[PDB]
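Enquirer: Structure file run-v9.tsv (TSV, C-alpha atoms) is given on the next line.
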```
chain	number	residue	atom	x	y	z
A	216	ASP	CA	27.19	9.11	-9.28
A	217	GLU	CA	23.41	8.84	-9.50
A	218	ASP	CA	23.31	6.95	-12.79
A	219	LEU	CA	19.94	5.22	-12.31
A	220	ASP	CA	18.76	3.77	-15.60
A	221	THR	CA	15.12	3.14	-14.81
A	222	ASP	CA	13.39	6.00	-13.04
A	223	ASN	CA	12.70	4.02	-9.88
A	224	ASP	CA	13.88	7.14	-8.00
A	225	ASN	CA	16.81	5.55	-6.23
A	226	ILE	CA	20.59	5.08	-6.32
A	227	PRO	CA	21.76	2.28	-8.64
A	228	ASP	CA	24.81	1.75	-6.46
A	229	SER	CA	22.64	1.42	-3.37
A	230	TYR	CA	20.63	-0.99	-5.50
A	231	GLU	CA	23.43	-3.24	-6.67
A	232	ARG	CA	25.74	-2.97	-3.66
A	233	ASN	CA	24.98	-3.76	0.02
A	234	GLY	CA	21.57	-2.13	0.23
A	235	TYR	CA	19.79	1.00	1.34
A	236	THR	CA	17.06	2.15	3.71
A	237	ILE	CA	14.07	4.43	3.26
A	238	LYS	CA	13.97	7.00	6.05
A	239	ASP	CA	11.94	10.24	6.07
A	240	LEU	CA	10.85	9.51	2.47
A	241	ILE	CA	14.42	9.42	1.15
A	242	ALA	CA	16.85	6.58	0.47
A	243	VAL	CA	20.06	6.53	2.50
A	244	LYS	CA	22.98	4.12	2.66
A	245	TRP	CA	22.67	0.94	4.70
A	246	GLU	CA	24.37	1.20	8.07
A	247	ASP	CA	25.37	-1.77	10.21
A	248	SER	CA	24.20	-0.10	13.43
A	249	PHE	CA	20.60	0.38	12.30
A	250	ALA	CA	18.96	-2.95	13.21
A	251	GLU	CA	18.68	-1.89	16.85
A	252	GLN	CA	16.77	1.26	15.86
A	253	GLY	CA	14.13	-0.84	14.11
A	254	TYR	CA	15.24	-0.28	10.53
A	255	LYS	CA	15.84	-3.12	8.07
A	256	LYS	CA	17.77	-3.76	4.85
A	257	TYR	CA	16.43	-3.87	1.30
A	258	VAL	CA	18.19	-5.23	-1.80
A	259	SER	CA	16.60	-4.64	-5.20
A	260	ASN	CA	17.17	-4.38	-8.96
A	261	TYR	CA	18.21	-1.47	-11.16
A	262	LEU	CA	17.71	-2.56	-14.76
A	263	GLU	CA	13.94	-2.74	-14.32
A	264	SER	CA	11.55	-0.85	-12.11
A	265	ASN	CA	9.03	-3.35	-10.73
A	266	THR	CA	11.37	-6.08	-9.57
A	267	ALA	CA	8.68	-8.59	-8.60
A	268	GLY	CA	5.81	-7.98	-11.01
A	269	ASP	CA	3.77	-6.14	-8.41
A	270	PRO	CA	1.63	-3.25	-9.65
A	271	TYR	CA	3.77	-0.94	-7.49
A	272	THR	CA	7.40	0.02	-7.99
A	273	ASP	CA	10.30	-0.27	-5.56
A	274	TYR	CA	10.00	3.28	-4.23
A	275	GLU	CA	6.27	2.83	-3.74
A	276	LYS	CA	6.87	-0.43	-1.92
A	277	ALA	CA	9.71	0.44	0.45
A	278	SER	CA	8.20	3.68	1.70
A	279	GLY	CA	4.80	2.30	2.61
A	280	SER	CA	2.71	5.01	0.97
A	281	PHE	CA	0.87	2.64	-1.32
A	282	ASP	CA	-1.95	0.97	0.66
A	283	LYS	CA	-2.24	0.75	4.42
A	284	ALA	CA	-4.01	-2.64	4.55
A	285	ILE	CA	-1.05	-4.54	3.09
A	286	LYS	CA	0.71	-6.66	5.69
A	287	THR	CA	4.15	-5.44	6.67
A	288	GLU	CA	6.17	-8.33	5.25
A	289	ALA	CA	5.11	-7.33	1.74
A	290	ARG	CA	7.16	-4.14	2.08
A	291	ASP	CA	10.59	-5.32	0.94
A	292	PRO	CA	10.92	-5.50	-2.83
B	488	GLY	CA	-19.32	14.00	-1.47
B	489	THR	CA	-16.35	16.05	-2.64
B	490	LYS	CA	-16.25	19.41	-4.36
B	491	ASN	CA	-14.37	20.20	-7.55
B	492	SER	CA	-13.01	23.56	-8.70
B	493	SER	CA	-16.36	25.02	-9.76
B	494	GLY	CA	-17.77	24.95	-6.22
B	495	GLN	CA	-20.34	22.19	-6.70
B	496	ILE	CA	-19.99	18.73	-5.20
B	497	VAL	CA	-20.10	15.41	-7.04
B	498	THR	CA	-21.21	11.94	-5.98
B	499	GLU	CA	-20.37	9.69	-8.93
B	500	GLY	CA	-17.66	7.06	-9.03
B	501	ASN	CA	-16.67	7.81	-5.43
B	502	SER	CA	-17.35	4.59	-3.58
B	503	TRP	CA	-17.09	4.07	0.16
B	504	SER	CA	-15.94	0.45	-0.14
B	505	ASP	CA	-12.36	1.25	-1.13
B	506	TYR	CA	-11.75	3.08	2.15
B	507	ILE	CA	-13.29	0.51	4.48
B	508	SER	CA	-10.53	-2.02	5.01
B	509	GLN	CA	-7.65	0.46	5.27
B	510	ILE	CA	-9.38	2.22	8.16
B	511	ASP	CA	-10.02	-1.11	9.86
B	512	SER	CA	-6.33	-1.88	9.53
B	513	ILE	CA	-5.06	1.13	11.46
B	514	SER	CA	-7.72	2.03	14.00
B	515	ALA	CA	-9.20	1.05	17.34
B	516	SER	CA	-12.97	0.65	17.61
B	517	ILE	CA	-14.89	2.33	20.43
B	518	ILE	CA	-18.61	1.70	20.93
B	519	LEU	CA	-20.63	3.72	23.44
B	520	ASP	CA	-24.19	2.85	24.40
B	521	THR	CA	-26.53	5.12	26.31
B	522	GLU	CA	-30.15	4.20	26.94
B	523	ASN	CA	-31.46	6.03	23.87
B	524	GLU	CA	-28.82	5.74	21.14
B	525	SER	CA	-25.49	4.15	20.34
B	526	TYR	CA	-22.30	5.57	18.91
B	527	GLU	CA	-19.36	3.91	17.16
B	528	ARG	CA	-16.06	5.61	16.35
B	529	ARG	CA	-12.64	4.67	15.01
B	530	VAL	CA	-9.51	6.33	16.40
B	531	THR	CA	-6.04	5.84	14.93
B	532	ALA	CA	-3.30	4.38	17.09
B	533	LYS	CA	0.49	4.26	17.09
B	534	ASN	CA	2.33	1.17	15.93
B	535	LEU	CA	5.27	1.16	18.31
B	536	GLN	CA	7.22	-1.42	16.31
B	537	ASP	CA	8.34	0.27	13.16
B	538	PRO	CA	10.32	3.46	13.89
B	539	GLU	CA	9.65	5.57	10.79
B	540	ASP	CA	5.99	5.81	11.80
B	541	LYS	CA	5.27	9.25	13.26
B	542	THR	CA	1.83	9.14	14.74
B	543	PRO	CA	1.18	11.16	17.91
B	544	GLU	CA	-0.24	8.74	20.44
B	545	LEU	CA	-2.79	9.05	23.22
B	546	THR	CA	-4.18	7.01	26.08
B	547	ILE	CA	-7.61	5.42	26.20
B	548	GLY	CA	-9.00	8.09	28.52
B	549	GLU	CA	-7.63	10.80	26.26
B	550	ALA	CA	-9.10	9.00	23.26
B	551	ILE	CA	-12.54	8.81	24.86
B	552	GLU	CA	-12.25	12.51	25.70
B	553	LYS	CA	-11.19	13.34	22.15
B	554	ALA	CA	-13.53	11.17	20.08
B	555	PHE	CA	-16.84	12.13	21.60
B	556	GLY	CA	-17.31	15.80	22.25
B	557	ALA	CA	-17.06	15.47	26.00
B	558	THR	CA	-16.26	18.20	28.49
B	559	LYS	CA	-13.58	17.74	31.12
B	560	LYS	CA	-15.25	19.12	34.23
B	561	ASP	CA	-13.15	19.17	37.47
B	562	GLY	CA	-10.93	16.44	36.02
B	563	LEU	CA	-13.82	14.05	35.35
B	564	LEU	CA	-15.63	13.58	32.03
B	565	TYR	CA	-19.17	14.72	31.32
B	566	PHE	CA	-21.14	14.06	28.13
B	567	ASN	CA	-24.58	15.68	27.74
B	568	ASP	CA	-24.82	16.05	31.55
B	569	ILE	CA	-23.98	12.33	31.92
B	570	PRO	CA	-20.98	11.40	34.08
B	571	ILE	CA	-18.51	9.07	32.37
B	572	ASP	CA	-15.60	7.64	34.35
B	573	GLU	CA	-13.75	4.41	34.75
B	574	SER	CA	-15.83	3.92	37.91
B	575	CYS	CA	-19.38	4.77	36.82
B	576	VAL	CA	-20.00	2.66	33.68
B	577	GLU	CA	-19.51	-0.94	32.55
B	578	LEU	CA	-16.52	-1.76	30.37
B	579	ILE	CA	-16.61	-4.69	27.97
B	580	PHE	CA	-13.48	-6.05	26.29
B	581	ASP	CA	-12.98	-9.18	24.29
B	582	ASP	CA	-10.36	-11.54	25.63
B	583	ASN	CA	-7.38	-10.61	23.45
B	584	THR	CA	-7.61	-6.91	24.24
C	488	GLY	CA	-0.60	-6.99	-22.56
C	489	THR	CA	1.23	-3.73	-23.18
C	490	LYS	CA	2.45	-1.12	-20.73
C	491	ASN	CA	1.74	2.59	-20.91
C	492	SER	CA	3.81	5.45	-19.50
C	493	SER	CA	2.80	4.95	-15.87
C	494	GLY	CA	4.40	1.50	-15.65
C	495	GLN	CA	1.22	-0.57	-15.43
C	496	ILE	CA	-0.02	-2.80	-18.22
C	497	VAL	CA	-3.44	-2.72	-19.87
C	498	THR	CA	-5.55	-5.42	-21.51
C	499	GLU	CA	-8.57	-3.59	-22.92
C	500	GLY	CA	-9.32	-3.01	-26.58
C	501	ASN	CA	-6.17	-4.89	-27.62
C	502	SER	CA	-7.44	-7.85	-29.58
C	503	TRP	CA	-5.35	-10.70	-30.92
C	504	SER	CA	-7.50	-11.20	-34.02
C	505	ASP	CA	-6.16	-8.20	-35.93
C	506	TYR	CA	-2.64	-9.64	-35.92
C	507	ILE	CA	-3.52	-13.19	-36.95
C	508	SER	CA	-3.78	-13.02	-40.72
C	509	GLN	CA	-0.82	-10.71	-41.30
C	510	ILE	CA	1.49	-13.17	-39.53
C	511	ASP	CA	0.06	-16.03	-41.56
C	512	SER	CA	0.80	-14.06	-44.70
C	513	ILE	CA	4.54	-13.68	-44.13
C	514	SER	CA	5.68	-16.71	-42.15
C	515	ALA	CA	6.52	-20.38	-42.42
C	516	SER	CA	4.92	-22.80	-39.96
C	517	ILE	CA	7.04	-25.33	-38.08
C	518	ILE	CA	5.45	-27.98	-35.85
C	519	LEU	CA	7.57	-30.21	-33.63
C	520	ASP	CA	6.17	-33.20	-31.77
C	521	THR	CA	7.96	-35.06	-29.01
C	522	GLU	CA	6.28	-37.86	-27.07
C	523	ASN	CA	5.08	-35.59	-24.27
C	524	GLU	CA	4.23	-32.21	-25.80
C	525	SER	CA	3.98	-30.39	-29.09
C	526	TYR	CA	5.31	-27.03	-30.22
C	527	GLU	CA	4.28	-24.74	-33.07
C	528	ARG	CA	6.22	-21.69	-34.22
C	529	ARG	CA	6.12	-19.17	-37.05
C	530	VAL	CA	9.35	-17.88	-38.60
C	531	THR	CA	9.48	-15.06	-41.14
C	532	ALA	CA	10.95	-15.73	-44.57
C	533	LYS	CA	12.37	-13.69	-47.44
C	534	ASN	CA	10.30	-12.97	-50.52
C	535	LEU	CA	12.96	-13.16	-53.21
C	536	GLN	CA	10.75	-11.55	-55.86
```
Show me the file's structure as structure tokens.
Expert:
Amino acid sequence: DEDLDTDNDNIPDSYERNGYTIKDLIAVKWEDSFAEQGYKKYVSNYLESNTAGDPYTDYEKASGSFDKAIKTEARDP
Amino acid sequence: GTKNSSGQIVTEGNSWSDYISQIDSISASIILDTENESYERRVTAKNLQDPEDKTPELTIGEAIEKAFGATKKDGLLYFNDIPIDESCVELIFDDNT
Amino acid sequence: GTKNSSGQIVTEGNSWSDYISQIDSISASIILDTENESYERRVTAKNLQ
């Protein structure tokens, strides 16, 4: 059940349903007891890769391994 | 300067500008001044807010001991036979820090 | 603008001149004018010969 159409390297069900969370450079399901740990929730698109017209994709933008001078609120897709 | 596979180093197309700002986003700036020279280093810190960030943190005394090559002698810090403490120099901070 | 395999788009060496005349060889030209703007489109036709 990993039928991702675009190769944005992430679950299309965790795209289109509730959300997901990048942790340890992998994408896990969104838990409701994660806000206290510091984690957040991301909701994105599956039919195209770059869902905002940024030069970076969703996987490059959630896991902040793209540029370290970007402010932190430009992390969610 | 960086070296490729053939063992020689190349300086062409490798600018220093595109690594300036990133460093100044993630580091603390420490300036020492003796009576002959000055020294300025950048040491990375730990953002305590976001929990996926795994950066091993230090304290400011540990960072002064680590950045300059400074010998711990009897608990105190010595640098080129100069004593450096929190009690024997003058510390200057700006108001936010 | 066209995108290569790495997902980014490139605008270098891609001129618009070398697709002008070909389009004007095979299309009909339709110009609409309202009282605020204008619009101009090119629609391809069928050479019956």
Enquirer: Compute the set of chain A residues within 10 Å of chain C, using all atoms listed in the file, and express it as a list in words.
Expert: residues 264, 265, 268, 269, 270, 271 and 272 of chain A
Enquirer: Figure out the distance between CA of residue 490 (chain C) and CA of residue 259 (chain A), please, to one decimal in Å.
Expert: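 Going from CA of residue 259 (chain A) over to CA of residue 490 (chain C), I get 21.3 Å.
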Enquirer: At what distance in Å, to one decimal, does CA of residue 542 (chain B) lie from CA of residue 224 (chain A)?
Expert: 25.8 Å
Enquirer: Using only C-alpha atoms, find which residues of chain B lie within 7 Å of chain A and jot them down as an MDAnalysis selection string.
Expert: chainID B and resid 508:509 512 537:539
Enquirer: Would you mind listing what lies within 12 Å of region 501-504 of chain C as a PyMOL selection string, with all atoms listed in the file counted and same-chain residues fewer than 6 positions away left out?
Expert: chain C and resi 488-490+510-511
Enquirer: Using all atoms listed in the file, which protein or nucleic acid residues come within 12 Å of residue 267 (chain A)? Drop anything in the same chain fewer than 5 positions from it, and give the result as a VMD selection string.
Expert: chain A and resid 259 to 260 272 to 273 276 289 to 292
Enquirer: Please produce a file of those selected residues containing C-alpha atoms, as a compact mmCIF listing (two decimals), keeping the file's coordinate frame.
Expert:
```txt
# COMPACT_ATOMS: atom_id res chain seq x y z
CA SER A 259 16.60 -4.64 -5.20
CA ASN A 260 17.17 -4.38 -8.96
CA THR A 272 7.40 0.02 -7.99
CA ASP A 273 10.30 -0.27 -5.56
CA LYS A 276 6.87 -0.43 -1.92
CA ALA A 289 5.11 -7.33 1.74
CA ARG A 290 7.16 -4.14 2.08
CA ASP A 291 10.59 -5.32 0.94
CA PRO A 292 10.92 -5.50 -2.83
```
Enquirer: Interatomic distance between CA of residue 529 (chain B) and CA of residue 490 (chain B)?
Expert: 24.6 Å
Enquirer: For a quick check of your reading of the model, name the residues lying within 10 Å of the coordinate (-0.1, -28.0, -37.2), counting all atoms listed in the file, and write them as a list in words.
Expert: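 Selection result: residues 516, 517, 518, 519, 520, 525, 526, 527 and 528 of chain C.
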Enquirer: Could you list, as a PDB file with C-alpha atoms, in the frame of the given file, every residue within 12 Å of residue 534 (chain C), counting only C-alpha atoms and ignoring same-chain residues fewer than 4 positions away?
Expert:
```pdb
ATOM      1  CA  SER C 512       0.800 -14.060 -44.700  1.00  0.00           C
ATOM      2  CA  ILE C 513       4.540 -13.680 -44.130  1.00  0.00           C
ATOM      3  CA  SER C 514       5.680 -16.710 -42.150  1.00  0.00           C
ATOM      4  CA  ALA C 515       6.520 -20.380 -42.420  1.00  0.00           C
TER       5      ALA C 515
END
```
Enquirer: Please define a box with edges along x, y and z of the file around all atoms of region 518-522 of chain C given in the file, extend it by 6 Å on each side, and return its centre and edge lengths in Å to one decimal, as lines of an AutoDock Vina configuration file.
Expert:
```
center_x = 6.7
center_y = -32.9
center_z = -31.5
size_x = 14.5
size_y = 21.9
size_z = 20.8
```
Enquirer: If we count all atoms listed in the file and set the cut-off at 12 Å, which residues sit around region 576-581 of chain B, ignoring sequence neighbours fewer than 2 positions away in its own chain? Please answer as a ChimeraX atom specification.
Expert: /B:516-521,564,569-574,583-584
Enquirer: With only C-alpha atoms as the basis for distance, which of A:288, A:251, A:275, A:261 is at the shortest distance from residue 226 (chain A)?
Expert: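 For residue 226 (chain A), the nearest of the given residues is A:261.
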Enquirer: Skipping near chain neighbours, those fewer than 6 positions away, what residues fall within 12 Å of residue 216 (chain A) using only C-alpha atoms, listed as a PDB file with C-alpha atoms, keeping the file's coordinate frame?
Expert:
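Writing the result to result-v1.pdb gives the following:
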```pdb
ATOM      1  CA  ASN A 225      16.810   5.550  -6.230  1.00  0.00           C
ATOM      2  CA  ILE A 226      20.590   5.080  -6.320  1.00  0.00           C
ATOM      3  CA  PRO A 227      21.760   2.280  -8.640  1.00  0.00           C
ATOM      4  CA  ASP A 228      24.810   1.750  -6.460  1.00  0.00           C
ATOM      5  CA  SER A 229      22.640   1.420  -3.370  1.00  0.00           C
TER       6      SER A 229
END
```
Enquirer: Since the input lacks some atoms of region 224-259 of chain A, please model N, CA and C atoms and print them as an mmCIF file, in the frame of the given file.
Expert:
```cif
data_model
loop_
_atom_site.group_PDB
_atom_site.id
_atom_site.type_symbol
_atom_site.label_atom_id
_atom_site.label_comp_id
_atom_site.auth_asym_id
_atom_site.auth_seq_id
_atom_site.Cartn_x
_atom_site.Cartn_y
_atom_site.Cartn_z
ATOM 1 N N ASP A 224 13.668 6.059 -8.967
ATOM 2 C CA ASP A 224 13.880 7.140 -8.000
ATOM 3 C C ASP A 224 14.829 6.751 -6.881
ATOM 4 N N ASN A 225 15.890 6.038 -7.238
ATOM 5 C CA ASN A 225 16.810 5.550 -6.230
ATOM 6 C C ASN A 225 18.159 5.244 -6.853
ATOM 7 N N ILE A 226 19.174 5.263 -5.996
ATOM 8 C CA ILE A 226 20.590 5.080 -6.320
ATOM 9 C C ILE A 226 20.835 3.704 -6.913
ATOM 10 N N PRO A 227 21.440 3.607 -8.098
ATOM 11 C CA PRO A 227 21.760 2.280 -8.640
ATOM 12 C C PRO A 227 22.893 1.608 -7.906
ATOM 13 N N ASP A 228 23.774 2.372 -7.265
ATOM 14 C CA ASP A 228 24.810 1.750 -6.460
ATOM 15 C C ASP A 228 24.250 1.232 -5.151
ATOM 16 N N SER A 229 23.308 1.958 -4.548
ATOM 17 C CA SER A 229 22.640 1.420 -3.370
ATOM 18 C C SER A 229 21.687 0.293 -3.736
ATOM 19 N N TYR A 230 21.280 0.216 -5.000
ATOM 20 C CA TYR A 230 20.630 -0.990 -5.500
ATOM 21 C C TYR A 230 21.598 -2.162 -5.529
ATOM 22 N N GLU A 231 22.655 -2.052 -6.333
ATOM 23 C CA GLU A 231 23.430 -3.240 -6.670
ATOM 24 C C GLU A 231 24.419 -3.611 -5.580
ATOM 25 N N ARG A 232 24.889 -2.648 -4.795
ATOM 26 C CA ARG A 232 25.740 -2.970 -3.660
ATOM 27 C C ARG A 232 24.867 -3.345 -2.470
ATOM 28 N N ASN A 233 25.468 -3.309 -1.280
ATOM 29 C CA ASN A 233 24.980 -3.760 0.020
ATOM 30 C C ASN A 233 23.493 -3.570 0.304
ATOM 31 N N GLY A 234 22.965 -2.408 -0.016
ATOM 32 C CA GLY A 234 21.570 -2.130 0.230
ATOM 33 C C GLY A 234 21.373 -0.662 0.504
ATOM 34 N N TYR A 235 20.246 -0.369 1.124
ATOM 35 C CA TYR A 235 19.790 1.000 1.340
ATOM 36 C C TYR A 235 18.665 0.929 2.366
ATOM 37 N N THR A 236 18.141 2.092 2.734
ATOM 38 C CA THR A 236 17.060 2.150 3.710
ATOM 39 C C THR A 236 16.269 3.425 3.478
ATOM 40 N N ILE A 237 14.958 3.279 3.344
ATOM 41 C CA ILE A 237 14.070 4.430 3.260
ATOM 42 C C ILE A 237 13.877 4.990 4.656
ATOM 43 N N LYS A 238 14.184 6.271 4.816
ATOM 44 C CA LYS A 238 13.970 7.000 6.050
ATOM 45 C C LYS A 238 13.564 8.409 5.669
ATOM 46 N N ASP A 239 12.470 8.888 6.271
ATOM 47 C CA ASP A 239 11.940 10.240 6.070
ATOM 48 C C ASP A 239 11.650 10.521 4.599
ATOM 49 N N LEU A 240 11.157 9.491 3.905
ATOM 50 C CA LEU A 240 10.850 9.510 2.470
ATOM 51 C C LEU A 240 12.069 9.855 1.620
ATOM 52 N N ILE A 241 13.235 9.333 2.002
ATOM 53 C CA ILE A 241 14.420 9.420 1.150
ATOM 54 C C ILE A 241 15.223 8.148 1.366
ATOM 55 N N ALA A 242 16.137 7.850 0.447
ATOM 56 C CA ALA A 242 16.850 6.580 0.470
ATOM 57 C C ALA A 242 18.309 6.810 0.850
ATOM 58 N N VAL A 243 18.707 6.333 2.022
ATOM 59 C CA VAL A 243 20.060 6.530 2.500
ATOM 60 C C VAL A 243 20.803 5.206 2.485
ATOM 61 N N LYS A 244 22.118 5.290 2.680
ATOM 62 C CA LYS A 244 22.980 4.120 2.660
ATOM 63 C C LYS A 244 22.696 3.216 3.855
ATOM 64 N N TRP A 245 22.946 1.926 3.665
ATOM 65 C CA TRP A 245 22.670 0.940 4.700
ATOM 66 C C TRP A 245 23.773 0.952 5.742
ATOM 67 N N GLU A 246 23.411 1.234 6.984
ATOM 68 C CA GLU A 246 24.370 1.200 8.070
ATOM 69 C C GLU A 246 24.238 -0.099 8.852
ATOM 70 N N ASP A 247 25.338 -0.518 9.467
ATOM 71 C CA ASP A 247 25.370 -1.770 10.210
ATOM 72 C C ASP A 247 24.910 -1.598 11.648
ATOM 73 N N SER A 248 24.708 -0.365 12.095
ATOM 74 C CA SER A 248 24.200 -0.100 13.430
ATOM 75 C C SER A 248 22.780 0.454 13.369
ATOM 76 N N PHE A 249 21.963 -0.084 12.467
ATOM 77 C CA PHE A 249 20.600 0.380 12.300
ATOM 78 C C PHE A 249 19.548 -0.648 12.694
ATOM 79 N N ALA A 250 19.938 -1.908 12.900
ATOM 80 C CA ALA A 250 18.960 -2.950 13.210
ATOM 81 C C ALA A 250 18.371 -2.739 14.596
ATOM 82 N N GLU A 251 19.156 -2.173 15.509
ATOM 83 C CA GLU A 251 18.680 -1.890 16.850
ATOM 84 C C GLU A 251 17.676 -0.741 16.877
ATOM 85 N N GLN A 252 17.732 0.169 15.904
ATOM 86 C CA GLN A 252 16.770 1.260 15.860
ATOM 87 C C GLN A 252 15.408 0.798 15.375
ATOM 88 N N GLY A 253 15.344 -0.353 14.715
ATOM 89 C CA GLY A 253 14.130 -0.840 14.110
ATOM 90 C C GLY A 253 14.161 -0.890 12.599
ATOM 91 N N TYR A 254 15.163 -0.285 11.972
ATOM 92 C CA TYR A 254 15.240 -0.280 10.530
ATOM 93 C C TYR A 254 15.703 -1.636 10.015
ATOM 94 N N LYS A 255 15.502 -1.860 8.720
ATOM 95 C CA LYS A 255 15.840 -3.120 8.070
ATOM 96 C C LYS A 255 16.655 -2.822 6.816
ATOM 97 N N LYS A 256 16.937 -3.866 6.042
ATOM 98 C CA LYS A 256 17.770 -3.760 4.850
ATOM 99 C C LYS A 256 17.007 -4.251 3.638
ATOM 100 N N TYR A 257 17.091 -3.508 2.542
ATOM 101 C CA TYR A 257 16.430 -3.870 1.300
ATOM 102 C C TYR A 257 17.454 -3.968 0.178
ATOM 103 N N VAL A 258 17.349 -5.021 -0.631
ATOM 104 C CA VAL A 258 18.190 -5.230 -1.800
ATOM 105 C C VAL A 258 17.279 -5.428 -3.003
ATOM 106 N N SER A 259 17.541 -4.707 -4.090
ATOM 107 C CA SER A 259 16.600 -4.640 -5.200
ATOM 108 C C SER A 259 17.364 -4.701 -6.519
#
```
